[PDB]
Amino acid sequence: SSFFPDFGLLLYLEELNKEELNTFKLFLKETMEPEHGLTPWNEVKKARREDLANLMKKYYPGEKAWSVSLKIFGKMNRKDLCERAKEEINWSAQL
């Protein structure tokens, strides 16, 4: 359902350790620029996880914030997260 934007993004950010979260922010900067410009980066680079999930949903509404994060997990080699997402999305659609 609507689980993934409402709850999913934050839950997955919580599976990132401190170093991985910094890697995530850099991938996010790289994907948001130059289209979104330089304004969001100031929010991003100081945001804790809950704050990061919220600000992503401003620029990437609904499932878009979730979709952007998943691609980043794959690029940063957190393939365990990509696999869990597959499992969850596939089960949910079967409901």
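Numbering starts at 1 and runs along the sequence shown.
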Response to the item:
Mean Cα B-factor check, 53-61 vs 39-47, entry values; winner is 39-47
Worksheet item: Out of 29-37 and 63-71, which stretch has the higher average CA B-factor listed in the record?
Response: 29-37
Worksheet entry | Chain-wide C-alpha B factor ranking for residue 84, given as lowest, middle or highest third | middle
Worksheet entry | Entry-reported Cα temperature factor of residue 77, expressed as the chain third it lands in | highest
